[PDB]
Amino acid sequence: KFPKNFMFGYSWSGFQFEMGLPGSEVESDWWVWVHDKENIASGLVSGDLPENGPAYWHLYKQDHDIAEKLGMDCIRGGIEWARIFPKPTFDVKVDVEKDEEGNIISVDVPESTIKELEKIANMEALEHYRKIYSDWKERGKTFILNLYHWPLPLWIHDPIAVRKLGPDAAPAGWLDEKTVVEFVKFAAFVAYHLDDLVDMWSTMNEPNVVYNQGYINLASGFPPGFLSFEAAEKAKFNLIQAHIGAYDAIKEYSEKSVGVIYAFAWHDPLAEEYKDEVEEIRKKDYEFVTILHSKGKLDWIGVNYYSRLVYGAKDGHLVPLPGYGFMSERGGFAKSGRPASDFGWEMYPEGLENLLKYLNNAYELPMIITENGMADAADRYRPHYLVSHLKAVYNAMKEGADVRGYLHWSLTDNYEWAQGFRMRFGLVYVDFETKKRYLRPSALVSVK
């Protein structure tokens, strides 16, 4: 048994879910990126398109109904910046204070600025977000809103251009210090308008995945797809600012818990001799969260756990080894003998149990499993994945970890970014031609 107040649910993100029937469609850096001819042709993206997705924007009522009757009481979803401000906000001026080193101290966004923003915002789309959030909230359920889930406005980031001409030649995204301010406006705008429907906030989702995959692991098919550690560091730095600033903006219009949602790989030493060196890596990997903790800008943490990384020696440097964790064979078995998801991600509930105790000891904050699931078209392993991983959470809690819920990823199949639709994470299958929902048997583990 889990505590009386422990929430069960799921999570969705705008890009992967909203689009699917005409009307839905929204220009963003990511959109352009998955439509780019060069990218599709070179195999760097699936060539699947998000406008062929599950169409949640229209079909949210059914999905909610399904989740409800599956006993779910909490959803964590998003709102898409590029959907709310298709047109730039730069001309709506705000007073911004900076120190010597070039840090952000404040960004005043009064009620009047919100009104000036209403003029150029898509209030049509905002109203639709209300309908969607209300549909769930008025059922007497909990909702968590996450402000950023990767796509940016085209007027913020043009990844094609950035890649061909370099960041000085186009809207550079999280490389332009300007982008942080505009995001802050966005945060305040959203707080002001939607707080009545939100129980808890998250400034952003997996920002570590964004800066690392976009500017270092080119193989990932993330934008803008060019190699530079300096770029990565800079993007990381501005994402930290964006969080801090958005935290202050939400607080100025809401009295609720604000946190962040983060990609927590569990790191494991192949051999006992590396144990120390691997803990050093844990620190570096989670540093993003460590930082925000130390500035007092985290009321809670969104844990997103899937698999692990195993480190060993190669030609003298210590690196993450193939055949383990996220680097296992797709639809096969890791070296450990654990099976892997269709994404080639090892099944490793142990990691989550270890992780939660690590994060509780390190931060002593309230946590929610804001993402946990697997790509399994066949529902071959999902049922065990679920039950094993819930057991892992339950164990961590017994040893003192403060965990207030679990949100699976996800209710329905959706658009797994550069991998298209071949990665299906849903407890509910979706026929992307008919947009029809059919539950996988694993969905009934949840009816409990």
# chains A, B, ... in the order shown; residues from 1 in each chain; ligands from 1
>>> select_by_dssp(residues="region 257-432 of chain A", states="helix (DSSP H, G or I)", output="MDAnalysis selection string")
chainID A and resid 272:294 325:327 349:363 382:398 417:419
>>> residues_around(residues="region 199-215 of chain A", least_positions_apart="3", cutoff="6 Å", atoms="only C-alpha atoms", output="JSON list (two decimals) with N, CA, C and O atoms, in the first residue's frame")
[["chain", "number", "residue", "atom", "x", "y", "z"],
["A", 143, "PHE", "N", -3.78, 18.58, -11.19],
["A", 143, "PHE", "CA", -3.06, 18.90, -12.40],
["A", 143, "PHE", "C", -1.74, 19.66, -12.12],
["A", 143, "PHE", "O", -1.69, 20.57, -11.30],
["A", 144, "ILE", "N", -0.68, 19.26, -12.83],
["A", 144, "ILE", "CA", 0.65, 19.87, -12.73],
["A", 144, "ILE", "C", 1.04, 20.40, -14.06],
["A", 144, "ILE", "O", 0.97, 19.68, -15.05],
["A", 145, "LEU", "N", 1.37, 21.67, -14.11],
["A", 145, "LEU", "CA", 1.70, 22.29, -15.38],
["A", 145, "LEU", "C", 3.23, 22.53, -15.47],
["A", 145, "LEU", "O", 3.86, 22.94, -14.50],
["A", 146, "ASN", "N", 3.80, 22.16, -16.62],
["A", 146, "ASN", "CA", 5.19, 22.25, -16.92],
["A", 146, "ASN", "C", 5.42, 23.25, -18.05],
["A", 146, "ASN", "O", 4.79, 23.08, -19.11],
["A", 147, "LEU", "N", 6.23, 24.30, -17.87],
["A", 147, "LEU", "CA", 6.12, 25.44, -18.80],
["A", 147, "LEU", "C", 6.90, 25.21, -20.09],
["A", 147, "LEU", "O", 6.49, 25.68, -21.18],
["A", 148, "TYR", "N", 7.98, 24.43, -19.99],
["A", 148, "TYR", "CA", 8.87, 24.15, -21.16],
["A", 148, "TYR", "C", 9.16, 22.68, -21.32],
["A", 148, "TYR", "O", 9.52, 21.98, -20.38],
["A", 149, "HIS", "N", 8.93, 22.20, -22.51],
["A", 149, "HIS", "CA", 9.15, 20.76, -22.87],
["A", 149, "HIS", "C", 9.81, 20.58, -24.26],
["A", 149, "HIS", "O", 9.34, 19.76, -25.11],
["A", 222, "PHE", "N", 18.83, 15.87, -32.17],
["A", 222, "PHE", "CA", 18.28, 17.07, -31.51],
["A", 222, "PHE", "C", 18.83, 18.35, -32.15],
["A", 222, "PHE", "O", 19.91, 18.33, -32.71],
["A", 223, "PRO", "N", 18.04, 19.43, -32.12],
["A", 223, "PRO", "CA", 18.48, 20.67, -32.70],
["A", 223, "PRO", "C", 19.31, 21.41, -31.68],
["A", 223, "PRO", "O", 19.18, 21.10, -30.50],
["A", 224, "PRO", "N", 20.19, 22.35, -32.15],
["A", 224, "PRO", "CA", 20.46, 22.61, -33.58],
["A", 224, "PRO", "C", 21.50, 21.71, -34.25],
["A", 224, "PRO", "O", 21.88, 21.97, -35.38],
["A", 225, "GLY", "N", 21.96, 20.67, -33.54],
["A", 225, "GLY", "CA", 22.78, 19.65, -34.14],
["A", 225, "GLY", "C", 24.11, 20.15, -34.61],
["A", 225, "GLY", "O", 24.46, 19.97, -35.79],
["A", 226, "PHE", "N", 24.87, 20.78, -33.70],
["A", 226, "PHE", "CA", 26.28, 21.09, -33.97],
["A", 226, "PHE", "C", 27.13, 20.96, -32.75],
["A", 226, "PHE", "O", 26.69, 21.23, -31.65],
["A", 227, "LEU", "N", 28.38, 20.58, -32.95],
["A", 227, "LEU", "CA", 29.22, 20.13, -31.84],
["A", 227, "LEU", "C", 30.02, 21.25, -31.21],
["A", 227, "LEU", "O", 30.89, 21.82, -31.84],
["A", 228, "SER", "N", 29.74, 21.51, -29.93],
["A", 228, "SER", "CA", 30.46, 22.52, -29.15],
["A", 228, "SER", "C", 30.14, 22.45, -27.65],
["A", 228, "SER", "O", 29.04, 22.79, -27.24],
["A", 232, "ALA", "N", 27.05, 24.03, -25.30],
["A", 232, "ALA", "CA", 26.33, 23.29, -24.28],
["A", 232, "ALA", "C", 26.37, 23.99, -22.93],
["A", 232, "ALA", "O", 25.35, 24.12, -22.26],
["A", 235, "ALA", "N", 24.24, 27.06, -22.87],
["A", 235, "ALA", "CA", 22.81, 26.73, -22.89],
["A", 235, "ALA", "C", 22.38, 26.29, -21.49],
["A", 235, "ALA", "O", 21.40, 26.77, -20.93],
["A", 236, "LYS", "N", 23.17, 25.40, -20.90],
["A", 236, "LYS", "CA", 22.98, 25.01, -19.51],
["A", 236, "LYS", "C", 22.88, 26.22, -18.61],
["A", 236, "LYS", "O", 21.97, 26.31, -17.81],
["A", 243, "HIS", "N", 15.13, 29.07, -15.37],
["A", 243, "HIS", "CA", 14.41, 28.46, -14.26],
["A", 243, "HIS", "C", 14.22, 29.44, -13.11],
["A", 243, "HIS", "O", 13.11, 29.59, -12.57],
["A", 256, "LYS", "N", 1.88, 28.65, -4.99],
["A", 256, "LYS", "CA", 1.96, 27.21, -5.09],
["A", 256, "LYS", "C", 3.36, 26.69, -5.23],
["A", 256, "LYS", "O", 4.30, 27.45, -5.47],
["A", 257, "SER", "N", 3.49, 25.38, -5.09],
["A", 257, "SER", "CA", 4.79, 24.75, -5.16],
["A", 257, "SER", "C", 5.34, 24.82, -6.57],
["A", 257, "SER", "O", 4.69, 24.40, -7.53],
["A", 258, "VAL", "N", 6.58, 25.29, -6.69],
["A", 258, "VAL", "CA", 7.25, 25.34, -8.01],
["A", 258, "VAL", "C", 8.51, 24.52, -7.95],
["A", 258, "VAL", "O", 9.31, 24.66, -6.99],
["A", 259, "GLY", "N", 8.74, 23.73, -9.00],
["A", 259, "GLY", "CA", 9.91, 22.86, -9.06],
["A", 259, "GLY", "C", 10.45, 22.73, -10.46],
["A", 259, "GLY", "O", 10.15, 23.61, -11.33],
["A", 260, "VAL", "N", 11.15, 21.62, -10.71],
["A", 260, "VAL", "CA", 11.67, 21.35, -12.03],
["A", 260, "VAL", "C", 11.61, 19.85, -12.23],
["A", 260, "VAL", "O", 11.56, 19.12, -11.28],
["A", 261, "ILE", "N", 11.62, 19.44, -13.50],
["A", 261, "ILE", "CA", 11.55, 18.03, -13.93],
["A", 261, "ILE", "C", 12.79, 17.72, -14.73],
["A", 261, "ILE", "O", 13.13, 18.43, -15.68],
["A", 262, "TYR", "N", 13.46, 16.64, -14.37],
["A", 262, "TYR", "CA", 14.87, 16.41, -14.78],
["A", 262, "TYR", "C", 15.14, 14.96, -15.16],
["A", 262, "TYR", "O", 14.42, 14.06, -14.71],
["A", 263, "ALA", "N", 16.11, 14.76, -16.03],
["A", 263, "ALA", "CA", 16.40, 13.41, -16.55],
["A", 263, "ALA", "C", 17.48, 12.82, -15.66],
["A", 263, "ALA", "O", 18.63, 13.24, -15.75]]
>>> residues_around(residues="residue 397 (chain A)", least_positions_apart="2", cutoff="10 Å", atoms="only C-alpha atoms", output="PyMOL selection string")
chain A and resi 2-3+353+356-357+360+391-395+399-404
>>> write_last_selection(atoms="N, CA and C atoms", output="mmCIF file, in the first residue's frame")
data_model
loop_
_atom_site.group_PDB
_atom_site.id
_atom_site.type_symbol
_atom_site.label_atom_id
_atom_site.label_comp_id
_atom_site.auth_asym_id
_atom_site.auth_seq_id
_atom_site.Cartn_x
_atom_site.Cartn_y
_atom_site.Cartn_z
ATOM 1 N N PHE A 2 0.364 2.272 -0.666
ATOM 2 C CA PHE A 2 1.018 3.560 -0.686
ATOM 3 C C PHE A 2 0.190 4.475 0.213
ATOM 4 N N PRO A 3 0.822 5.492 0.807
ATOM 5 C CA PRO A 3 0.080 6.501 1.554
ATOM 6 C C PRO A 3 -1.236 6.964 0.963
ATOM 7 N N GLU A 353 15.287 2.842 -7.250
ATOM 8 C CA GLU A 353 15.335 2.674 -5.811
ATOM 9 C C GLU A 353 16.589 3.328 -5.319
ATOM 10 N N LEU A 356 16.319 7.392 -5.833
ATOM 11 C CA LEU A 356 15.460 8.081 -4.894
ATOM 12 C C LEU A 356 16.140 8.268 -3.535
ATOM 13 N N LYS A 357 16.870 7.275 -3.052
ATOM 14 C CA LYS A 357 17.567 7.403 -1.763
ATOM 15 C C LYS A 357 18.727 8.366 -1.895
ATOM 16 N N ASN A 360 16.998 11.969 -2.046
ATOM 17 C CA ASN A 360 16.419 12.309 -0.762
ATOM 18 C C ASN A 360 17.526 12.683 0.221
ATOM 19 N N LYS A 391 7.479 -1.004 -7.102
ATOM 20 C CA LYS A 391 8.091 -1.678 -5.957
ATOM 21 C C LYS A 391 9.362 -0.936 -5.552
ATOM 22 N N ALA A 392 10.163 -0.559 -6.537
ATOM 23 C CA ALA A 392 11.332 0.250 -6.313
ATOM 24 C C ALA A 392 11.018 1.573 -5.614
ATOM 25 N N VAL A 393 9.886 2.202 -5.951
ATOM 26 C CA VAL A 393 9.535 3.488 -5.323
ATOM 27 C C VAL A 393 9.104 3.231 -3.883
ATOM 28 N N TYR A 394 8.228 2.267 -3.732
ATOM 29 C CA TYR A 394 7.799 1.804 -2.420
ATOM 30 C C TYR A 394 8.926 1.435 -1.473
ATOM 31 N N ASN A 395 9.949 0.756 -1.971
ATOM 32 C CA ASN A 395 11.144 0.488 -1.162
ATOM 33 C C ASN A 395 11.878 1.773 -0.726
ATOM 34 N N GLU A 399 12.621 3.600 3.283
ATOM 35 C CA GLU A 399 13.857 4.080 3.813
ATOM 36 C C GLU A 399 13.939 5.590 3.871
ATOM 37 N N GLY A 400 12.775 6.252 3.791
ATOM 38 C CA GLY A 400 12.647 7.673 4.113
ATOM 39 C C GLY A 400 12.488 8.644 2.957
ATOM 40 N N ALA A 401 12.577 8.155 1.730
ATOM 41 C CA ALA A 401 12.472 9.033 0.564
ATOM 42 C C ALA A 401 11.098 9.657 0.536
ATOM 43 N N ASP A 402 11.038 10.978 0.337
ATOM 44 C CA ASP A 402 9.737 11.659 0.335
ATOM 45 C C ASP A 402 9.125 11.695 -1.065
ATOM 46 N N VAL A 403 8.387 10.656 -1.414
ATOM 47 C CA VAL A 403 7.773 10.555 -2.736
ATOM 48 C C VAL A 403 6.275 10.680 -2.677
ATOM 49 N N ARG A 404 5.738 11.705 -3.356
ATOM 50 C CA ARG A 404 4.313 12.066 -3.262
ATOM 51 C C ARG A 404 3.455 11.574 -4.429
#
>>> closest_residue(among="A:132, A:152, A:231, A:191", to="residue 168 (chain A)", atoms="only C-alpha atoms")
A:231
>>> select_by_dssp(residues="region 73-313 of chain A", states="strand (DSSP E)", output="ChimeraX atom specification")
/A:74-78,96-98,104-107,142-146,200-205,257-263,266-269,300-304,308-313
>>> closest_residue(among="A:15, A:183, A:363, A:324", to="residue 296 (chain A)", atoms="only C-alpha atoms")
A:363
>>> closest_residue(among="A:9, A:71, A:50, A:221", to="residue 448 (chain A)", atoms="only C-alpha atoms")
A:71
>>> atom_distance(atom1="CA of residue 180 (chain A)", atom2="CA of residue 242 (chain A)")
5.0 Å
>>> closest_residue(among="A:425, A:90, A:415, A:288", to="residue 55 (chain A)", atoms="only C-alpha atoms")
A:415
>>> atom_distance(atom1="CA of residue 192 (chain A)", atom2="CA of residue 83 (chain A)")
17.0 Å
